[PDB]
Every structure is written in structure tokens, then in C-alpha cells.
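Engineer: I need the structure of the sequence given here:
(chains A, B, C, D, E, F, G and H, ligands or ions: 4)
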Amino acid sequence: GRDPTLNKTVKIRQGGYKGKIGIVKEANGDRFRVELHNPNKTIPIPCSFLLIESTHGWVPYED
Amino acid sequence: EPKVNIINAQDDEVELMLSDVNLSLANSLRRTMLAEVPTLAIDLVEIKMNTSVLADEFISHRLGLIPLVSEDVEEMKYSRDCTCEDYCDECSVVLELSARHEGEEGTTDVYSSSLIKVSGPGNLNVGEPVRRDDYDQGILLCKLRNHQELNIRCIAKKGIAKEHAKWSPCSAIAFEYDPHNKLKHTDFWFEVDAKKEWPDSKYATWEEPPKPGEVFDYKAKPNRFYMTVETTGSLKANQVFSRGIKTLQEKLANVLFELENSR
Amino acid sequence: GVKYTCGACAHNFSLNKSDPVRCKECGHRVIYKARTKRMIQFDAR
Amino acid sequence: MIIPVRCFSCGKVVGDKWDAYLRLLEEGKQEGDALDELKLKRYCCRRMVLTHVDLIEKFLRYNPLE
Amino acid sequence: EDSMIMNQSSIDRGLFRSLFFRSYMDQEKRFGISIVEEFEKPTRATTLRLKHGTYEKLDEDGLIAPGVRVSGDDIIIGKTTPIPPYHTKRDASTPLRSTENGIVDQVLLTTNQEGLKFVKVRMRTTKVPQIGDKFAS
Amino acid sequence: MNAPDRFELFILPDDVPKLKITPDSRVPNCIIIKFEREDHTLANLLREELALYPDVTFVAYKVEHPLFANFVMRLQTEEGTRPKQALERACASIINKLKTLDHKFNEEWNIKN
Amino acid sequence: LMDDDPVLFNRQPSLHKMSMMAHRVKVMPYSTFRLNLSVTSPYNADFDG
RNA sequence: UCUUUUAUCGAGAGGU
Ligand SMILES: [Mg+2]
Ligand SMILES: [Zn+2]
Ligand SMILES: [Zn+2]
Ligand SMILES: [Zn+2]
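Structural biologist: Numbers count the residues shown, from 1 in each chain, chains lettered A, B, ... in the order given. Ligands and ions are numbered 1, 2, ... in the order given. Please see the structure below:
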């Protein structure tokens, strides 16, 4: 891979998609592509807007 | 200058005659009541377990259409102006449901009254689903046969009737004006007679019938209006009306603010 | 290894890919995989 | 398949008028009077309940695969 | 010219709204006495000519589980073919169609006629009317 | 697959003014106002009211395409008055009317119960 | 593809030389093309699918 | 710094 958060499950904490589950489909740089679970669409979102799941709860981009 | 004359008033519907105003103010009031009365409704569903004979989004749809009580919904903030992460307490109401069948003979009916409010910002009057009486069971969500557990957890957020037709408070609103046809704003189809081939609108006695020796005036305008408002229990009609007028006033005040600060 | 359910006796078990295809109970020969263990959201819309 | 919740044209909730409708059909009432007693005057909410096809009755008799 | 005007609120409340299933199938062909094909997950070290979509949604025996969302070209059945005599296996997968977005519904696993494995998958999705769909009286 | 997100019918992005004004040139003392994220409700409620003051000569509006969200409005008074002030006056008047209506409705309700 | 590009526009089966005409582009949402109805006469077209 | 795979022949059911 070319990053450590691809394909990992994510929760969105800002924006119109707040509270929605997703998966990091592509994280080239700063602007990520999260594949939302709820409707069949992959959205552009800033990496600042995401919580990643880790060993203990949803951590911000410090994982 | 405006006037009001309530003809029928009760719990969840009003029938009134709105008089001595303009037209697009009453019409804009109607559209405002059908389009912008911010209410509350279920928004997210996280199904923990489903083993019934119904696909998920079918259930999540039916839950998506359930009326909840929202008297104090003009204080809770929207979902986009809370600075927390995921959700907190000043932005949603959390419900949970858990039902199972037990035995070999039987067909348990999972209703809507079995929804239990868990956590919400207090102490405000939200969350609880609308109940008709003191015994009534309400909406019929699902059915369960032998060994079919169902357990789910739902989020509930605030919205208006422009983002989805579920946050809408009123059903249908009756509206009319000028029953005897005096302004000649319309024309009537007929085969033999245009009088013995049409119904009489329930209000053709409140105004007087025109004289057959009358000429045609040409300065009058639609003046006396007749409207009737229903609800689904999520609100009560007087609150719908007052909140509508309040929202319209806030809109005009916003536009005036833009015009003033744009200087 | 992973959960598997029989077609008939409704009996759960697990496999390590080494067994042949039947339940340890009645031995019915059309087995279904079980639900997964993640979390599934929706929109209610 | 199963009774809807809202209506389709206006939105008057008709998800709690199926049990009373069946029970009033056991007592020998008529559909016109069984709807005149459930308070349904606009014929959209009337057609919503008069022409429903209840299918879940079948969908249960197939033994559970789970 | 035979077009119409449909209401949005009725579409929202559930008018003309439909479910849409689909199913896939794959089995195991035998070539040698001991040379067969095994459902599994290929890794980059051993197999060759991998396809592009993510392989991270397969469990360990090569069959994706129900409850997982699958979109464009997500690999659902990883199957390998052994190379005729390191780096000694060739990929023979089965990807989801390049124009579908669905939730996996039900997976089936049984034996064939000869005596080897035999898998089916069943995906489903929801469809709603919009500007372009056809209707008829 | 190609659907506009619904909330875009009433949530304003950052780089879009809620209101923009441009003066027309073919005739003097006439201006063009451009409203974002508004429909027939505000536009009509303003139009029927401005179309009454004995000093505004031509007022109109239109919605260009119903799939987007905006409308444009043409306003022309006479030489003495500047149109912006007149628009503000109309807003104030309408607000007053709504207030009175709410008051009398509440009185009639508390009497009728 | 952006606003005001000239694209060729065609329907099968083309007969007389009016069934292939270049229109100006205009980006719109949703999933279908758009025509002004006055150009339904050389194309022998109708919106019935 | 890219790239990145869709057999073949034949038969049938359909849409303007
Ligand atoms: Mg045609
Ligand atoms: Zn919050
Ligand atoms: Zn068994
Ligand atoms: Zn109705």
C-alpha cells in the first residue's frame, strides 16, 4: 500500500455525512475517498473529517 | 387589520376562515406549513440482528416513517452545528428495540409502541412516539414466527420537509375561496346547464348567493378564505400554525438583514 | 474455524476446511454460511 | 405484502387501521361502513386500505433456514 | 411526447419502489489425479496474474460473508489454478460486475455431482423511480 | 448514480452570497436582484406587496429552471424613490401584518377552547 | 466536457441529412439527455423510451 | 511512475 489507513473502517465526524460509516477506498493525499456504507456512493472527504477504528474506540488520524 | 374566525377547533385539526388579507400571504402560509415546520424523525438504524422474513431496508424504511412527539423541538440544534464527534447529547435522540418470539405456536406482532426511549437531552418533551389513547398499540412494524430474534438501535434527528417527505407535520390542508363564483376566475363545463350539474361547496351558505339581476363589478379581489389543517399527532394544529408564522417572519427578517448589512 | 449452519437440524458448527460437507447432526448436505460479525448501518431514507 | 405506514398522496397514517378493519369484518359490517366507522373520507386513504394484499401470511409458513 | 410528471413525496413514502436480487456460481474443475482447484485467498508472494480489486473482503476459505457491502469489481470468490511444472500458482477469480452496488445477502456452499465443492452467492439491492424509468398503464 | 443531494435546496455554501444586486442599464432607476435558495413563497409574498405602493412602476420575478435553486427579480420605481428602500419598507410591512395575525389567532384560540 | 462545447448528435437509423446535428453542451444533473421539443421533427423521435 | 486482464462459436428471448 501507500498509506496506513486504506481499506480500514471509518466514521465521519463533520459535514453532511456526519455519523455515517465508510471505508477508505483511496487516500492519495489530504483529500480521501470514503466508500459510504449507507447509500451506494463513494464521496470526497478531507482526512481531518474522519475517525478511524483501532484497538480502543474511534481514534482520529493519529492511528 | 387581519382577522380570524375559527369554525371548528379540537385536538389535532382546525377549520377556520381567514379574512381581510391578501392571497399570496395565505397561500405562502400554506406552503410554509407543508414545507418548513422543523420536526423530528428517525434517521440512522444499526441492525444488530435480523432473522425475520423481511429485508433490512424494508424495515429501516418503515421505521423511517414513524411520527414522534416533538413539542420542544425548537430548542435542540441541528445535526450540522454541533461540534462533537459522531454524536453526543445536544444533537440526537437514541431509541432501541428488542423483540423475540418464544415457542412453537404463535405469531408475535412487533408494534411501534414497543419502542423505548433510552437517552435524549433533558428535560425536554421529545422522543416518545405518538399514542392515540391509553391502551392503543399503534403502528404494526413486523411479525415474528418461531425463533426469529430482532434487536436494533436507532438514531433520531431534526429536519424539515424539504430534505425528505418524512419530517412533514401536516397531511392534507383544505383550501378554497369564493364559492358562489363571483370574481369569474373560472368557467364551468356543461352539457345543458352550468347550475344543475355541479356540487355546492360546503361553504355556499356563509356568503350570500348572487342576484340574477346583478351586473359585473370589476374592482374586487379574493378576500375571504376558507382553510382546514390536519396533523398526524406529532404536533398540535395551533403549534403548527404559530410555528409557521414564526418561521416566515424569521425568513423575512433574514432577508432584511442581508439587505441592511450589504451596505 | 468459521461458523456454518445446516439446512435442516438448525445446528451451528465450525470448520477448518479439512472436513467434508455435512453437519455433525443429521448430516444434511446443503449448508449455509452464517452472518458476519461487523456492524451494519442504514439510512432509514 | 404488509400494510404501509403513511399514505401515498397525503400522508395520513394508516398503519393502525388493519386490526380494527379485520375485526369489523368479522362482525358482518360492510367495507363502506367499516371505513365510515374508521373515519376515512378522502378516497385516497380509502383506496390505500381497501385494495391491500396481505402476503406475509404466506411468507411465514416456510420453516426458518436460520 | 409520452412523458409524465411524477410526485416526489409519493416516491419518498414508497410508491413504485422495488427490490432487485442477483446470484453467482462457481465450482471446482479437476485436471490431474491430485491436481484440482481450491477456494482460498491468494497472496502476492505465491500466485501470479492477480486482478485489481480489493481482496480484503474475503474470509479465509475464499467466500465473502453476508452483511458486507460490495461495490465496483470487489472480488467475491478467490480461486487458484496450479501451474503446470517458487511462484507457482495462477489466479482464477470471479469479480462482481463493474456496474453494481449491493449488499451481500446469502451464500451457499455444497458439493457438485462428481464430488468437489460448489459455491453460489446472492447479492441484492433496492431501486427507486427517478427521471428516466419507464411506466405503463 | 447521478442524483443531487437533497439538502442542497436550502443550505448555502461559503463562496455564494445569499443575495446579489446588479443595476440594469437599458432604462434608468431599475435594478436586478438575484436570490439564492428561495422559491415561489418568498418571491410571490414580496411581489404582490411591492405591486401596490403608489411609487413602484414595474416589479416582476422568474425562476429560470426548476432543477436548480434560485430566482431573479426586476424592480423599477420612479425618480423620487430609490428601490432598495422601498423593498425594505415592504418587508417591514409584511412582518407587521404577520405579527397582528398571530396575536388575534391566539386570542381567538384561548377564547374558543 | 464543459459548457458551450459543440458536440455532434445522432440517432439511428439516420436517413435524410438532418439526423446528425451539432448542439451546444449544457451540464445538467440526473441520468438522461435533454432536447428542446422543436427538434423532434427531423429525428423522427419521441420520448416514449 | 506508470501501468493492469474481459475467450470462441452458435442459438434463442427482447427494445425503438
Ligand atoms: Mg420511440
Ligand atoms: Zn452532537
Ligand atoms: Zn446436522
Ligand atoms: Zn391519503
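
Engineer: quick one, what contacts residue D:1?
Structural biologist: D:53, D:54, D:55, D:56, D:59 (Cβ atoms under 8 Å, 6 or more residues apart in numbering or on different chains). Every residue, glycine included, has its C-beta placed from N, CA and C.

Engineer: can I take it that it is in a helix?
Structural biologist: No - in this structure, residue D:1 is coil, not part of a helix, as judged by DSSP: H, G, I helix; E, B strand; the rest coil.

Engineer: and whichever residue of chain G sits closest to ligand 3, what is it in contact with?
Structural biologist: As assessed by Cβ to the ion, ligand 3 sits closest to residue G:31 within chain G, at 49.0 Å. Going by Cβ under 8 Å, 6+ apart, residue G:31 touches E:130, E:131, E:132, F:1, F:2.

Engineer: and the gap between the nearest residue to the fourth one once chain neighbours are set aside and ligand 2?
Structural biologist: Spelled out, that is residue F:1. Nearest residue to residue F:1 in three dimensions, chain neighbours excluded: residue G:31, at 6.4 Å (Cβ to Cβ, 6 or more residues apart in numbering or on different chains). Computed as Cβ to the ion, to the nearest Å, the residue G:31 to ligand 2 distance reads 35 Å.

Engineer: could you do residue C:40 as well?
Structural biologist: 22 Å.

Engineer: widest-spaced pair of the contacts of residue G:31?
Structural biologist: E:131 and F:1 (11.6 Å; Cβ to Cβ).

Engineer: between the two, which one's more packed in?
Structural biologist: Neighbours per residue, other Cβ atoms under 10 Å in any protein chain shown: of residue E:131 and residue F:1, the larger number sits with residue E:131, 13 against 9.

Engineer: hang on, the more buried one packs against residue G:28?
Structural biologist: No - using Cβ atoms under 8 Å, residue E:131 is not in contact with residue G:28, being 10.1 Å away.

Engineer: need the residues of chain C near chain D, please.
Structural biologist: Contact residues (Cβ under 8 Å from any Cβ of the partner chain) of chain C with chain D: C:5, C:7, C:10, C:32.

Engineer: surely the third one is in a helix?
Structural biologist: When you say that, I think you mean residue C:10. No - Residue C:10 is assigned coil when assessed by three-state DSSP, not a helix.

Engineer: quick one on the thing from earlier: just the buried residues out of the contacts of residue D:1, in PyMOL syntax.
Structural biologist: The buried residues among the contacts of residue D:1 can be selected in PyMOL (16 or more other Cβ atoms under 10 Å in any protein chain shown) with this line:
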select buried, chain D and resi 56
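
Engineer: among the contacts of residue D:1, which one lies nearest to residue F:29?
Structural biologist: residue D:53 (66.0 Å).

Engineer: against residue E:60, how distant is the closest residue to chain D within chain C?
Structural biologist: Proximity of chain C to chain D (Cβ to the nearest Cβ) peaks at residue C:32, 6.6 Å away. The gap separating residue C:32 from residue E:60 is 17 Å, by Cβ to Cβ, to the nearest Å.

Engineer: ok, now which ones touch the closest residue to ligand 4 within chain C?
Structural biologist: Using Cβ to the ion, the closest approach of chain C to ligand 4 is made by residue C:45 at 21.0 Å. Counting by Cβ under 8 Å, 6+ apart, residue C:45 makes contact with B:43, B:64, B:164, B:166.

Engineer: how close does it sit to residue B:238?
Structural biologist: 30 Å.

Engineer: same deal with residue C:3?
Structural biologist: For residue C:3 relative to residue B:238 (Cβ to Cβ), the value is 56 Å.

Engineer: then residue E:33?
Structural biologist: 85 Å.

Engineer: for residue 58, give me its contacts.
Structural biologist: Using chain A. A:11, A:51, A:52, B:85, B:86.

Engineer: oops, chain E please
Structural biologist: Taking Cβ under 8 Å, 6+ apart as the test, what residue E:58 contacts is E:41, E:64, E:75, E:76, E:78.

Engineer: run the last query once more with 7 Å
Structural biologist: When contacts are counted by Cβ atoms under 7 Å, 6 or more residues apart in numbering or on different chains, residue E:58 touches E:41, E:64, E:75, E:78.

Engineer: what residues are up against the last one?
Structural biologist: To tie it back to what came earlier, the one meant is residue E:78. By Cβ under 7 Å, 6+ apart, the neighbours of residue E:78 are E:39, E:40, E:41, E:42, E:55, E:58, E:62, E:93.

Engineer: count the neighbours of the second one for me.
Structural biologist: It refers to residue E:40. Count around residue E:40 with other Cβ under 10 Å applied: 17.

Engineer: hmm, residue F:20 is touching residue F:35, no?
Structural biologist: No - counting by Cβ atoms under 7 Å, residue F:20 sits too far from residue F:35 to count as a contact (8.5 Å).

Engineer: of those two, which one has the most company?
Structural biologist: Between residue F:20 and residue F:35, counting by other Cβ under 10 Å, residue F:35 is the more crowded of the two (21 against 14).

Engineer: what's across from that one in the sheet?
Structural biologist: In this entry, residue F:35 is beta-bridged to residue F:19, residue F:71, by DSSP bridges.

Engineer: that older thread, what kind of secondary structure is the residue of chain C closest to chain D in?
Structural biologist: Residue C:32 is classified as strand under three-state DSSP.

Engineer: can you name the residues that contact it?
Structural biologist: C:5, C:7, D:65, E:107, E:108.

Engineer: residues contacting the host helix or strand of residue E:120, please?
Structural biologist: Per DSSP states H and E: residue E:120 is located in strand E:117-127. Here strand E:117-127 makes contact (Cβ under 7 Å, 6+ apart) with B:55, B:57, E:18-28, E:39, E:63, E:70, E:76-77, E:101-112.
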